[PDB]
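Comments concern the structure below.
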Ligand SMILES: CC(=O)N[C@H]1[C@H](O[C@H]2[C@@H](O)[C@H](O)[C@@H](CO)O[C@@H]2O)O[C@H](CO)[C@@H](O)[C@@H]1O
Ligand SMILES: [Ca+2]
Ligand SMILES: [Ca+2]
């Protein structure tokens, strides 16, 4: 049973942020609640998260590229398989955008990933293992 104000899925719990913070301060805050930033593992997990996000907002996810070499890593250290990614067309787009967000686009309407800046505050998704 997930806590108050935490969406439930499979055997895990998810918190969709309303406040904004940098990628590191987002992972810092997920850790304070004994969780990590979201780590998309299956197609079903991703679609469940999209159903609870605001199309007008971007959401930080535990996927980053620290050195800027497009070496993507998950916070929970699990392997990255590009074929199971939800990158928008044109994305990733810039070596200096080192952190992945879930964002919605209007033409055409599509949920997907986008590498954006890490310091610029955004919303985030914490994933807690129950
Ligand atoms: C349209 C879009 O995704 N805007 C987001 C914006 O994006 C940058 C850049 O990261 C994208 O690769 C390109 C794609 O055209 O658009 C912009 O130049 O980043 C913002 C945060 O940095 C998001 O809030 C916007 O949603
Ligand atoms: Ca997960
Ligand atoms: Ca981008």
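In the entry's author numbering, the protein residues as written are 105 to 234. The C-beta atom is built at its ideal place from N, Cα and C for all residues, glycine as well.
Query: Using only the alpha-carbon positions, how far apart do residue 180 and residue 231 sit?; Result: 10 Å
Query: Label residue 202 either buried or exposed according to how many other C-beta atoms from any shown protein chain fall within 10 Å of its C-beta, with 16 as the threshold for buried.; Result: buried
Query: Where the beta carbon is closer than 5 Å to any heavy atom of ligand 3, which residues qualify, in chain order?; Result: 197, 201, 218 and 219
Query: In angstroms, rounded to a whole number, what distance separates the CA positions of residue 124 and residue 189?; Result: 24 Å
Query: Which same chain residues, not among the five before or five after residue 182, have their C-beta less than 7 Å away from its C-beta?; Result: 143
Query: Does DSSP put residue 213 in a helix, in a strand, or in coil?; Result: strand
Query: Taking three-plus beta-carbon pairs below 8 Å as touching, is the segment 105-122 in contact with the segment 198-213?; Result: no
Query: When the Cα atoms are used, what is the spatial distance from residue 192 to residue 218?; Result: 6 Å
Query: Identify the continuous alpha helix (DSSP H) that holds residue 153 and give its terminal residues.; Result: 147-154
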